[PDB]
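Peer 1: Contents of data36.cif (mmCIF, C-alpha atoms and all ligand atoms) are below:
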data_data
loop_
_atom_site.label_atom_id
_atom_site.label_comp_id
_atom_site.auth_asym_id
_atom_site.auth_seq_id
_atom_site.Cartn_x
_atom_site.Cartn_y
_atom_site.Cartn_z
CA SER J 1 167.12 160.72 162.06
CA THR J 2 168.63 163.18 159.59
CA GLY J 3 171.28 163.28 156.89
CA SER J 4 173.34 166.07 155.35
CA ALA J 5 175.57 165.76 152.27
CA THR J 6 177.49 168.24 150.17
CA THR J 7 176.63 168.47 146.47
CA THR J 8 179.30 169.70 144.05
CA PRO J 9 179.11 170.97 140.44
CA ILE J 10 180.66 168.51 137.98
CA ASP J 11 182.33 171.30 135.98
CA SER J 12 182.87 175.07 135.83
CA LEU J 13 179.46 175.67 134.27
CA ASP J 14 177.35 173.82 136.84
CA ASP J 15 176.17 171.41 134.16
CA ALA J 16 175.08 168.96 136.90
CA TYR J 17 175.75 168.30 140.58
CA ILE J 18 177.13 165.17 142.25
CA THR J 19 176.63 163.97 145.81
CA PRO J 20 178.58 161.10 147.44
CA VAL J 21 176.47 158.07 148.37
CA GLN J 22 177.60 155.02 150.37
CA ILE J 23 176.30 151.68 149.01
CA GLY J 24 176.85 148.25 150.49
CA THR J 25 178.98 146.66 153.19
CA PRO J 26 181.79 147.63 153.33
CA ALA J 27 180.71 150.92 151.86
CA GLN J 28 181.30 151.63 148.19
CA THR J 29 181.10 155.39 147.64
CA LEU J 30 179.68 156.55 144.33
CA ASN J 31 178.99 160.11 143.18
CA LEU J 32 175.35 160.30 142.14
CA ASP J 33 173.23 162.95 140.45
CA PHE J 34 170.31 163.66 142.77
CA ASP J 35 167.32 164.06 140.48
CA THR J 36 163.98 165.36 141.77
CA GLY J 37 162.55 164.68 138.28
CA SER J 38 162.89 160.89 138.36
CA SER J 39 162.48 158.02 140.80
CA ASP J 40 165.18 155.40 140.14
CA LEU J 41 168.46 154.97 142.06
CA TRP J 42 170.73 153.44 139.45
CA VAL J 43 174.48 152.98 139.30
CA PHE J 44 177.31 152.06 137.01
CA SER J 45 178.31 148.59 138.11
CA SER J 46 180.45 145.54 137.58
CA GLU J 47 177.63 144.37 135.29
CA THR J 48 177.80 147.39 132.99
CA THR J 49 178.97 146.55 129.47
CA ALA J 50 182.74 147.10 129.66
CA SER J 51 182.99 149.39 126.58
CA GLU J 52 180.31 151.65 128.12
CA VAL J 53 182.38 152.39 131.25
CA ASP J 54 184.97 155.16 130.91
CA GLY J 55 186.24 156.41 134.24
CA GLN J 56 183.11 156.07 136.41
CA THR J 57 183.28 154.42 139.79
CA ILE J 58 181.33 151.17 139.77
CA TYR J 59 179.22 149.33 142.31
CA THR J 60 180.24 145.67 142.65
CA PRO J 61 177.38 143.86 144.43
CA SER J 62 179.39 140.64 144.82
CA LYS J 63 181.72 142.57 147.17
CA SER J 64 178.85 143.74 149.41
CA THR J 65 177.81 141.35 152.15
CA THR J 66 174.44 143.08 152.43
CA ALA J 67 173.59 142.98 148.70
CA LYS J 68 170.78 140.70 147.56
CA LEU J 69 169.62 140.19 143.98
CA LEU J 70 165.95 141.23 143.64
CA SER J 71 164.82 138.15 141.77
CA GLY J 72 163.31 138.80 138.36
CA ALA J 73 163.44 142.55 138.60
CA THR J 74 164.61 144.75 135.76
CA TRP J 75 164.53 148.46 135.01
CA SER J 76 164.82 150.75 132.01
CA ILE J 77 164.62 154.53 131.94
CA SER J 78 164.97 157.51 129.58
CA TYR J 79 165.84 161.11 130.40
CA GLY J 80 164.82 164.48 128.99
CA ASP J 81 167.96 164.65 126.85
CA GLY J 82 167.31 161.30 125.19
CA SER J 83 169.84 159.39 127.26
CA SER J 84 168.87 156.05 128.79
CA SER J 85 170.04 153.14 130.88
CA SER J 86 168.76 149.70 131.95
CA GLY J 87 169.67 146.63 133.97
CA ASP J 88 168.85 144.44 136.98
CA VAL J 89 168.20 145.21 140.64
CA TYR J 90 169.76 144.53 144.04
CA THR J 91 168.67 145.56 147.47
CA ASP J 92 171.44 146.92 149.69
CA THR J 93 172.20 149.42 152.42
CA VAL J 94 172.43 153.00 151.18
CA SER J 95 173.59 155.97 153.22
CA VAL J 96 173.50 159.68 152.32
CA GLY J 97 175.19 162.13 154.61
CA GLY J 98 174.86 159.89 157.64
CA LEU J 99 171.23 158.79 156.98
CA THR J 100 170.97 155.05 156.33
CA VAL J 101 168.27 153.01 154.55
CA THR J 102 168.44 149.23 154.58
CA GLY J 103 166.85 147.30 151.78
CA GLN J 104 167.04 150.12 149.25
CA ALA J 105 166.60 149.08 145.61
CA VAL J 106 169.90 149.75 143.86
CA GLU J 107 169.40 149.45 140.12
CA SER J 108 172.57 148.09 138.53
CA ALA J 109 173.15 149.17 134.95
CA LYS J 110 173.86 146.56 132.33
CA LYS J 111 173.58 149.16 129.52
CA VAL J 112 174.00 152.92 129.46
CA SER J 113 173.75 155.31 126.55
CA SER J 114 176.71 157.19 125.15
CA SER J 115 176.16 160.45 127.04
CA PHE J 116 176.45 158.58 130.33
CA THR J 117 179.62 156.79 129.20
CA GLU J 118 181.12 160.09 128.04
CA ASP J 119 180.57 161.74 131.44
CA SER J 120 183.12 160.25 133.78
CA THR J 121 182.01 162.37 136.73
CA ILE J 122 178.52 160.88 137.22
CA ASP J 123 178.38 157.34 138.63
CA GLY J 124 174.57 157.11 138.50
CA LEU J 125 171.35 158.77 139.53
CA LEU J 126 169.43 159.06 142.78
CA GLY J 127 165.79 159.79 142.03
CA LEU J 128 163.77 161.98 144.39
CA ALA J 129 160.49 162.38 142.49
CA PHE J 130 157.46 160.33 143.61
CA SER J 131 157.81 156.55 143.72
CA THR J 132 154.94 156.14 141.24
CA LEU J 133 157.52 156.94 138.50
CA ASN J 134 159.95 154.18 139.51
CA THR J 135 160.63 151.93 136.51
CA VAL J 136 161.43 148.60 138.21
CA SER J 137 159.33 145.74 136.87
CA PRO J 138 157.42 143.66 137.77
CA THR J 139 157.42 145.13 141.32
CA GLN J 140 157.87 148.89 141.50
CA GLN J 141 160.37 150.09 144.11
CA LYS J 142 160.48 153.06 146.46
CA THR J 143 162.88 156.01 146.35
CA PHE J 144 165.53 156.58 149.00
CA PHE J 145 163.42 159.42 150.40
CA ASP J 146 160.25 157.35 150.58
CA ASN J 147 162.14 154.54 152.33
CA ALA J 148 163.73 156.98 154.82
CA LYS J 149 160.67 159.10 155.52
CA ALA J 150 159.17 157.28 158.51
CA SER J 151 162.54 157.53 160.32
CA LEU J 152 163.18 161.21 159.58
CA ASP J 153 162.71 163.90 162.18
CA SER J 154 160.46 165.71 159.63
CA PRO J 155 159.35 164.16 156.30
CA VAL J 156 161.29 166.62 154.14
CA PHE J 157 164.46 167.06 152.18
CA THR J 158 166.04 170.35 151.08
CA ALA J 159 168.08 171.36 148.08
CA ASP J 160 170.60 174.20 148.44
CA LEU J 161 172.53 174.20 145.19
CA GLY J 162 175.53 176.48 144.76
CA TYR J 163 176.41 178.80 141.88
CA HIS J 164 179.88 177.70 140.77
CA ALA J 165 180.34 176.37 144.31
CA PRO J 166 179.31 173.43 146.55
CA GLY J 167 175.93 173.23 148.21
CA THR J 168 173.93 170.86 150.38
CA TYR J 169 171.18 168.24 150.35
CA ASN J 170 169.63 167.78 153.81
CA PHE J 171 167.16 165.06 154.82
CA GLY J 172 164.82 165.32 157.76
CA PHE J 173 165.36 168.93 158.88
CA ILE J 174 165.32 172.51 157.68
CA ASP J 175 168.57 174.40 158.36
CA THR J 176 167.26 177.80 159.40
CA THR J 177 170.74 179.33 158.94
CA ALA J 178 170.81 178.42 155.24
CA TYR J 179 168.33 181.01 153.92
CA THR J 180 167.24 184.61 154.41
CA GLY J 181 163.74 185.77 155.18
CA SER J 182 160.95 183.19 155.29
CA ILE J 183 160.15 180.07 153.30
CA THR J 184 157.03 180.44 151.13
CA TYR J 185 155.20 177.17 150.59
CA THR J 186 153.14 176.40 147.51
CA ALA J 187 150.83 173.57 146.44
CA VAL J 188 152.11 170.46 144.61
CA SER J 189 150.33 168.18 142.19
CA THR J 190 151.69 164.62 142.22
CA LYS J 191 149.45 163.49 139.35
CA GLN J 192 152.39 163.21 136.93
CA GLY J 193 154.77 161.90 139.62
CA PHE J 194 156.74 165.18 139.74
CA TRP J 195 157.15 168.02 142.23
CA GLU J 196 154.77 170.01 140.06
CA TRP J 197 153.72 173.50 141.16
CA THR J 198 152.47 176.83 139.77
CA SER J 199 154.63 179.93 139.78
CA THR J 200 152.72 183.20 140.09
CA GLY J 201 154.71 185.09 137.42
CA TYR J 202 157.97 186.64 136.43
CA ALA J 203 160.04 189.76 135.86
CA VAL J 204 163.01 190.47 133.62
CA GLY J 205 165.79 192.54 135.21
CA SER J 206 164.38 195.63 136.88
CA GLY J 207 161.14 195.40 134.89
CA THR J 208 157.64 195.16 136.24
CA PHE J 209 156.39 191.82 137.51
CA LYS J 210 153.95 190.01 135.20
CA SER J 211 151.33 188.09 137.15
CA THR J 212 150.67 184.88 135.25
CA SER J 213 150.36 181.21 136.22
CA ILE J 214 153.29 179.05 135.10
CA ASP J 215 152.87 175.36 135.88
CA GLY J 216 156.13 173.46 135.99
CA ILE J 217 158.32 171.02 137.90
CA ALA J 218 161.08 171.53 140.47
CA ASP J 219 163.78 169.38 138.84
CA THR J 220 167.31 169.20 140.22
CA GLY J 221 168.20 166.80 137.42
CA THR J 222 167.66 169.39 134.66
CA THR J 223 170.40 171.98 134.24
CA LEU J 224 168.49 174.89 132.70
CA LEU J 225 165.26 176.82 133.20
CA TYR J 226 162.66 175.90 130.56
CA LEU J 227 159.67 178.27 130.33
CA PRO J 228 156.97 179.22 127.84
CA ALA J 229 158.13 180.80 124.62
CA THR J 230 156.49 184.14 125.40
CA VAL J 231 158.40 184.43 128.70
CA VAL J 232 161.72 183.36 127.20
CA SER J 233 161.38 185.79 124.26
CA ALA J 234 160.70 188.62 126.72
CA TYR J 235 163.89 187.73 128.59
CA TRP J 236 166.24 187.48 125.63
CA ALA J 237 164.84 190.64 124.03
CA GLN J 238 166.65 192.49 126.83
CA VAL J 239 170.06 191.14 125.71
CA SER J 240 171.61 192.88 122.69
CA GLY J 241 172.41 190.39 119.96
CA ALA J 242 170.67 187.42 121.57
CA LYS J 243 168.86 185.12 119.13
CA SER J 244 167.26 181.72 118.95
CA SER J 245 169.57 179.47 116.95
CA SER J 246 167.97 176.45 115.29
CA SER J 247 171.41 174.97 114.59
CA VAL J 248 172.68 175.32 118.15
CA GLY J 249 169.35 174.30 119.70
CA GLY J 250 168.32 177.34 121.72
CA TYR J 251 168.92 180.94 122.56
CA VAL J 252 172.49 182.12 122.30
CA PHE J 253 173.95 185.50 123.11
CA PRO J 254 177.23 187.38 122.78
CA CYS J 255 179.68 186.21 125.44
CA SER J 256 180.53 189.93 125.99
CA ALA J 257 177.04 190.61 127.28
CA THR J 258 176.07 191.32 130.90
CA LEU J 259 172.81 189.45 131.42
CA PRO J 260 169.78 190.78 133.32
CA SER J 261 168.37 188.92 136.28
CA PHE J 262 165.17 186.86 136.07
CA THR J 263 162.59 186.83 138.89
CA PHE J 264 159.98 184.12 139.40
CA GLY J 265 157.05 184.21 141.76
CA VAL J 266 156.26 181.78 144.56
CA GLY J 267 152.92 182.97 145.92
CA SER J 268 153.51 186.58 146.86
CA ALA J 269 157.26 185.98 147.28
CA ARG J 270 159.91 186.52 144.62
CA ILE J 271 163.08 184.55 143.84
CA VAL J 272 165.70 186.50 141.89
CA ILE J 273 168.07 184.58 139.58
CA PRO J 274 171.15 186.79 139.02
CA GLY J 275 172.10 187.35 135.39
CA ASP J 276 175.41 185.52 135.74
CA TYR J 277 173.53 182.32 136.62
CA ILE J 278 172.02 182.39 133.07
CA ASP J 279 175.42 182.24 131.30
CA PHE J 280 176.32 178.70 130.17
CA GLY J 281 179.46 179.72 128.37
CA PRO J 282 180.71 179.32 124.81
CA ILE J 283 178.62 177.14 122.49
CA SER J 284 181.84 175.39 121.43
CA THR J 285 185.37 175.86 122.66
CA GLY J 286 186.73 179.25 121.71
CA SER J 287 183.46 180.69 120.45
CA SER J 288 182.25 184.18 121.37
CA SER J 289 178.65 182.98 121.22
CA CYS J 290 177.37 181.78 124.60
CA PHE J 291 174.53 179.41 125.43
CA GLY J 292 171.59 180.77 127.45
CA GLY J 293 170.42 179.30 130.72
CA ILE J 294 166.74 180.20 130.09
CA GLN J 295 165.27 178.25 127.17
CA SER J 296 161.84 177.59 125.66
CA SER J 297 159.83 174.65 126.95
CA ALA J 298 157.91 174.51 123.65
CA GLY J 299 158.10 170.95 122.42
CA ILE J 300 159.02 169.51 125.81
CA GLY J 301 155.43 169.44 127.08
CA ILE J 302 156.16 170.84 130.53
CA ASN J 303 157.93 173.82 132.08
CA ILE J 304 161.02 172.88 134.09
CA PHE J 305 162.44 174.84 137.03
CA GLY J 306 165.87 173.25 136.73
CA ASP J 307 169.13 174.05 138.43
CA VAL J 308 169.34 177.62 137.03
CA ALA J 309 166.22 178.49 139.02
CA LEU J 310 166.67 176.19 142.00
CA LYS J 311 170.25 177.33 142.73
CA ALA J 312 168.92 180.84 143.41
CA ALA J 313 166.85 179.47 146.28
CA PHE J 314 166.73 177.27 149.34
CA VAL J 315 164.13 174.68 148.31
CA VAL J 316 162.07 172.48 150.63
CA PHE J 317 160.62 169.26 149.23
CA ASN J 318 157.96 168.55 151.83
CA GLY J 319 156.90 164.91 151.61
CA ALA J 320 154.13 164.98 154.18
CA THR J 321 150.81 163.28 153.38
CA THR J 322 149.93 166.27 151.22
CA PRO J 323 153.25 167.28 149.65
CA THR J 324 154.22 170.93 149.19
CA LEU J 325 157.25 172.88 147.99
CA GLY J 326 158.92 175.71 149.85
CA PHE J 327 161.20 178.42 148.46
CA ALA J 328 163.38 180.93 150.27
CA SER J 329 165.92 183.45 149.10
CA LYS J 330 169.47 182.91 150.35
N1 LIG J 401 156.03 164.08 131.04
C1 LIG J 401 155.81 164.84 129.99
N2 LIG J 401 154.90 164.55 129.10
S1 LIG J 401 156.76 166.29 129.80
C2 LIG J 401 158.42 165.68 129.35
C3 LIG J 401 159.51 165.82 130.38
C4 LIG J 401 159.27 165.56 131.72
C5 LIG J 401 160.29 165.61 132.65
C6 LIG J 401 161.59 165.92 132.27
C7 LIG J 401 162.72 165.86 133.27
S2 LIG J 401 163.00 164.08 133.56
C8 LIG J 401 164.26 164.01 134.76
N3 LIG J 401 164.60 165.04 135.49
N4 LIG J 401 164.85 162.85 134.91
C9 LIG J 401 161.82 166.21 130.94
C10 LIG J 401 160.80 166.16 130.01
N1 LIG J 402 179.77 160.33 118.53
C1 LIG J 402 180.58 161.30 118.21
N2 LIG J 402 180.61 161.81 117.00
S1 LIG J 402 181.64 162.04 119.37
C2 LIG J 402 181.37 161.11 120.91
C3 LIG J 402 182.26 161.73 121.95
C4 LIG J 402 181.78 162.68 122.85
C5 LIG J 402 182.60 163.24 123.81
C6 LIG J 402 183.94 162.87 123.90
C7 LIG J 402 184.85 163.50 124.92
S2 LIG J 402 184.40 163.03 126.62
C8 LIG J 402 185.18 161.47 126.74
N3 LIG J 402 186.14 161.18 125.90
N4 LIG J 402 184.79 160.63 127.65
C9 LIG J 402 184.42 161.92 123.01
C10 LIG J 402 183.59 161.36 122.05
#
Take the structure in this file and express it as structure tokens.
Ligand SMILES: N=C(N)SCc1ccc(CSC(=N)N)cc1
Ligand SMILES: N=C(N)SCc1ccc(CSC(=N)N)cc1
Peer 2:
Amino acid sequence: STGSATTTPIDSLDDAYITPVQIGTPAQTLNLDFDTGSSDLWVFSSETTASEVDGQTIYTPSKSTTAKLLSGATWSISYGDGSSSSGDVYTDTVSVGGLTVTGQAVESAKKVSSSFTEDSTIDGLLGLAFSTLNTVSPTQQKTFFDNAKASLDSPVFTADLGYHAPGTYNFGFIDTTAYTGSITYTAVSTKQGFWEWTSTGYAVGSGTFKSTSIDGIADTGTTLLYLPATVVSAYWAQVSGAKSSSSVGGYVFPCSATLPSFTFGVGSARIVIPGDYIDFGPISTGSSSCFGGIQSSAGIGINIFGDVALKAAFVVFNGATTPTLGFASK
């Protein structure tokens, strides 16, 4: 089997991407944030504290004839931005782009933090990291991908995120029309539960490539590209007037600037992030200071190849017995 679903930016800045997901019988369609940096499928629901729901579509398990309460199971998770959510667990039928899993753990939120409430466009998360990170207790649950894998034509999924445009998540096949050139595969460590890999270096604009190992994670659930301070300083030094702002929380730059590209290495291959992809727009409405899309990972404890990087590529998440990642230009 295979599945194929379109993923759409939530706003004009590509702050996150949502993908429609069918849950239950009859189907209830929710728009979820597919997150290769976590491993829980959780949804706003009829159980969510009423004051914490503001415009999201909810899952109502009592209206699904295939929903079953997973007795005694609870979950609780935190995200890189300090947001969090928690609740109880059902199993139900979940379909993505025509691919169906029965018995998928659907984590129903009883509580969500304010940043989830305030974002009406995201109805929950669909985790695609390794199932060892799943938070359900006392019996850990498998991700949608893990549950689907045995049925898939090939044990892979692919991320093809758009820049200010829709893109695609495919399960079970590699669309050879969706990329240029070849896919370069690279080793993954699963020891932290992430799609963790080592980039072979970087270049800024038309500058020379610096060969240096950069360990980090392929994370569709993080918006920006977080890299070591040395790398990020080298990038922003090429932008007149750019500075690191302690009060804003990162590098900012004049909105009048034209940004240079940023290249990262995948083995001997090179993925080029166009400069425009690094512009995250005014720091506050009406400002002429703009927020940068490449930020320091110092203090986060890991480098993160988030959407800024991934959207410049066609990315294969190969979930064979020894997982690997693939990257192609597009
Ligand atoms: N694990 C560590 N000690 S590094 C801290 C860290 C790890 C992962 C993320 C992204 S989580 C996500 N995409 N839901 C953010 C921060
Ligand atoms: N806690 C605060 N000082 S402001 C909290 C807050 C953030 C964002 C908005 C606009 S998005 C919306 N209304 N859903 C409204 C309130």
Peer 1: Tell me, counting only C-alpha atoms and all ligand atoms, for each residue of chain J within 8 Å of ligand LIG 401 (chain J), which pair of atoms is nearest and how far apart they are in Å to one decimal, in rows ordered by chain and increasing number, as CSV.
Peer 2:
residue,atom,partner,partner_atom,distance
J:35,CA,J:LIG401,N3,5.8
J:36,CA,J:LIG401,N3,6.3
J:37,CA,J:LIG401,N3,3.5
J:38,CA,J:LIG401,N4,4.4
J:39,CA,J:LIG401,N4,8.0
J:78,CA,J:LIG401,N4,7.5
J:79,CA,J:LIG401,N4,4.9
J:80,CA,J:LIG401,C9,4.0
J:81,CA,J:LIG401,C9,7.5
J:127,CA,J:LIG401,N4,7.8
J:192,CA,J:LIG401,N1,7.0
J:194,CA,J:LIG401,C5,7.9
J:217,CA,J:LIG401,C5,7.8
J:219,CA,J:LIG401,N3,5.5
J:220,CA,J:LIG401,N3,6.9
J:221,CA,J:LIG401,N3,4.4
J:222,CA,J:LIG401,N3,5.4
J:300,CA,J:LIG401,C2,5.2
J:301,CA,J:LIG401,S1,4.4
J:302,CA,J:LIG401,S1,4.6
J:303,CA,J:LIG401,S1,8.0
J:304,CA,J:LIG401,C6,7.2
Peer 1: Can you pull out the residues contacting residue 183 of chain J? Cut-off 12 Å, using only C-alpha atoms, and skip same-chain residues under 5 positions away; I want them as a PyMOL selection string.
Peer 2: chain J and resi 158+174-176+178+266-271+313-318+324-330
Peer 1: Which chains and residue numbers are within 8 Å of ligand LIG 402 (chain J), counting only C-alpha atoms and all ligand atoms, if I want them as a CSV table (one decimal) with C-alpha atoms, in the coordinates of the input?
Peer 2:
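Done, and the output landed in selection-v3.csv:
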chain,number,residue,atom,x,y,z
J,54,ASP,CA,185.0,155.2,130.9
J,55,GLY,CA,186.2,156.4,134.2
J,114,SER,CA,176.7,157.2,125.2
J,115,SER,CA,176.2,160.4,127.0
J,117,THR,CA,179.6,156.8,129.2
J,118,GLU,CA,181.1,160.1,128.0
J,119,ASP,CA,180.6,161.7,131.4
J,120,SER,CA,183.1,160.2,133.8
Peer 1: Determine, counting all atoms listed in the file, which protein, DNA and RNA residues have an atom within 9 Å of an atom of residue 1 of chain J; residues of the same chain fewer than 6 positions away are not included. Present the result as a VMD selection string.
Peer 2: chain J and resid 98 to 100 148 151 to 154 171 to 173
Peer 1: Please save C-alpha atoms of the selected residues as a PDB file, in the coordinates of the input.
Peer 2:
ATOM      1  CA  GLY J  98     174.860 159.890 157.640  1.00  0.00           C
ATOM      2  CA  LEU J  99     171.230 158.790 156.980  1.00  0.00           C
ATOM      3  CA  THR J 100     170.970 155.050 156.330  1.00  0.00           C
ATOM      4  CA  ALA J 148     163.730 156.980 154.820  1.00  0.00           C
ATOM      5  CA  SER J 151     162.540 157.530 160.320  1.00  0.00           C
ATOM      6  CA  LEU J 152     163.180 161.210 159.580  1.00  0.00           C
ATOM      7  CA  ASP J 153     162.710 163.900 162.180  1.00  0.00           C
ATOM      8  CA  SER J 154     160.460 165.710 159.630  1.00  0.00           C
ATOM      9  CA  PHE J 171     167.160 165.060 154.820  1.00  0.00           C
ATOM     10  CA  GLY J 172     164.820 165.320 157.760  1.00  0.00           C
ATOM     11  CA  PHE J 173     165.360 168.930 158.880  1.00  0.00           C
TER      12      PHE J 173
END
Peer 1: Measure the distance from atom CA of residue 51 of chain J to atom CA of residue 86 of chain J in Å and round it to one decimal.
Peer 2: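 Distance reported for this atom pair: 15.2 Å.
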Peer 1: For N, CA and C atoms, please extract segment 101-126 of chain J from the block and return it as a PDB file, in the first residue's frame.
Peer 2:
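Contents of selection16.pdb, freshly written:
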ATOM      1  N   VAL J 101      -4.482   2.835   8.710  1.00  0.00           N
ATOM      2  CA  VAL J 101      -4.022   2.032   9.836  1.00  0.00           C
ATOM      3  C   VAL J 101      -5.201   1.825  10.765  1.00  0.00           C
ATOM      4  N   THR J 102      -5.494   0.583  11.098  1.00  0.00           N
ATOM      5  CA  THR J 102      -6.464   0.306  12.153  1.00  0.00           C
ATOM      6  C   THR J 102      -5.751   0.178  13.491  1.00  0.00           C
ATOM      7  N   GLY J 103      -6.446   0.543  14.554  1.00  0.00           N
ATOM      8  CA  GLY J 103      -5.849   0.373  15.862  1.00  0.00           C
ATOM      9  C   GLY J 103      -4.763   1.366  16.200  1.00  0.00           C
ATOM     10  N   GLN J 104      -4.703   2.490  15.497  1.00  0.00           N
ATOM     11  CA  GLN J 104      -3.733   3.521  15.810  1.00  0.00           C
ATOM     12  C   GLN J 104      -4.081   4.206  17.133  1.00  0.00           C
ATOM     13  N   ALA J 105      -3.079   4.435  17.992  1.00  0.00           N
ATOM     14  CA  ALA J 105      -3.269   5.227  19.191  1.00  0.00           C
ATOM     15  C   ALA J 105      -3.457   6.690  18.810  1.00  0.00           C
ATOM     16  N   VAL J 106      -4.616   7.209  19.172  1.00  0.00           N
ATOM     17  CA  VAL J 106      -5.015   8.592  18.981  1.00  0.00           C
ATOM     18  C   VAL J 106      -5.090   9.193  20.372  1.00  0.00           C
ATOM     19  N   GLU J 107      -4.179  10.104  20.651  1.00  0.00           N
ATOM     20  CA  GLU J 107      -4.027  10.682  21.979  1.00  0.00           C
ATOM     21  C   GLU J 107      -4.927  11.905  22.056  1.00  0.00           C
ATOM     22  N   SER J 108      -5.961  11.829  22.874  1.00  0.00           N
ATOM     23  CA  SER J 108      -6.950  12.892  22.981  1.00  0.00           C
ATOM     24  C   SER J 108      -6.537  13.882  24.057  1.00  0.00           C
ATOM     25  N   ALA J 109      -6.415  15.154  23.699  1.00  0.00           N
ATOM     26  CA  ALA J 109      -5.980  16.146  24.664  1.00  0.00           C
ATOM     27  C   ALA J 109      -7.101  16.497  25.640  1.00  0.00           C
ATOM     28  N   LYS J 110      -6.763  16.442  26.913  1.00  0.00           N
ATOM     29  CA  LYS J 110      -7.568  17.067  27.950  1.00  0.00           C
ATOM     30  C   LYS J 110      -7.090  18.475  28.266  1.00  0.00           C
ATOM     31  N   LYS J 111      -5.798  18.747  28.118  1.00  0.00           N
ATOM     32  CA  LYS J 111      -5.181  20.037  28.385  1.00  0.00           C
ATOM     33  C   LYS J 111      -4.216  20.346  27.255  1.00  0.00           C
ATOM     34  N   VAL J 112      -4.211  21.601  26.813  1.00  0.00           N
ATOM     35  CA  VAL J 112      -3.184  22.107  25.918  1.00  0.00           C
ATOM     36  C   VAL J 112      -2.700  23.443  26.457  1.00  0.00           C
ATOM     37  N   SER J 113      -1.448  23.768  26.162  1.00  0.00           N
ATOM     38  CA  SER J 113      -0.925  25.064  26.556  1.00  0.00           C
ATOM     39  C   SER J 113      -1.394  26.188  25.623  1.00  0.00           C
ATOM     40  N   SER J 114      -1.100  27.423  26.052  1.00  0.00           N
ATOM     41  CA  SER J 114      -1.739  28.577  25.433  1.00  0.00           C
ATOM     42  C   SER J 114      -1.370  28.733  23.974  1.00  0.00           C
ATOM     43  N   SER J 115      -0.145  28.357  23.588  1.00  0.00           N
ATOM     44  CA  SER J 115       0.276  28.548  22.204  1.00  0.00           C
ATOM     45  C   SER J 115      -0.469  27.620  21.262  1.00  0.00           C
ATOM     46  N   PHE J 116      -0.908  26.461  21.752  1.00  0.00           N
ATOM     47  CA  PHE J 116      -1.777  25.606  20.962  1.00  0.00           C
ATOM     48  C   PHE J 116      -3.165  26.231  20.853  1.00  0.00           C
ATOM     49  N   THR J 117      -3.731  26.673  21.977  1.00  0.00           N
ATOM     50  CA  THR J 117      -5.049  27.311  21.904  1.00  0.00           C
ATOM     51  C   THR J 117      -5.058  28.465  20.919  1.00  0.00           C
ATOM     52  N   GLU J 118      -4.012  29.296  20.968  1.00  0.00           N
ATOM     53  CA  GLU J 118      -3.936  30.515  20.180  1.00  0.00           C
ATOM     54  C   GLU J 118      -3.755  30.240  18.704  1.00  0.00           C
ATOM     55  N   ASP J 119      -3.415  29.019  18.303  1.00  0.00           N
ATOM     56  CA  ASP J 119      -3.219  28.702  16.899  1.00  0.00           C
ATOM     57  C   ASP J 119      -4.381  27.855  16.412  1.00  0.00           C
ATOM     58  N   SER J 120      -5.355  28.520  15.806  1.00  0.00           N
ATOM     59  CA  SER J 120      -6.571  27.860  15.384  1.00  0.00           C
ATOM     60  C   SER J 120      -6.365  26.945  14.214  1.00  0.00           C
ATOM     61  N   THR J 121      -5.219  27.015  13.518  1.00  0.00           N
ATOM     62  CA  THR J 121      -5.041  26.254  12.294  1.00  0.00           C
ATOM     63  C   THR J 121      -4.521  24.839  12.514  1.00  0.00           C
ATOM     64  N   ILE J 122      -3.995  24.528  13.696  1.00  0.00           N
ATOM     65  CA  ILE J 122      -3.394  23.238  13.978  1.00  0.00           C
ATOM     66  C   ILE J 122      -4.283  22.480  14.950  1.00  0.00           C
ATOM     67  N   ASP J 123      -4.810  21.335  14.484  1.00  0.00           N
ATOM     68  CA  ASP J 123      -5.746  20.535  15.254  1.00  0.00           C
ATOM     69  C   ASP J 123      -5.052  19.443  16.062  1.00  0.00           C
ATOM     70  N   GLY J 124      -3.729  19.344  15.972  1.00  0.00           N
ATOM     71  CA  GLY J 124      -2.959  18.349  16.682  1.00  0.00           C
ATOM     72  C   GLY J 124      -1.693  18.059  15.898  1.00  0.00           C
ATOM     73  N   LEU J 125      -1.002  17.039  16.381  1.00  0.00           N
ATOM     74  CA  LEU J 125       0.305  16.626  15.902  1.00  0.00           C
ATOM     75  C   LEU J 125       0.237  15.182  15.425  1.00  0.00           C
ATOM     76  N   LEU J 126       1.034  14.867  14.411  1.00  0.00           N
ATOM     77  CA  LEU J 126       1.257  13.488  14.013  1.00  0.00           C
ATOM     78  C   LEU J 126       2.759  13.226  14.025  1.00  0.00           C
TER      79      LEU J 126
END
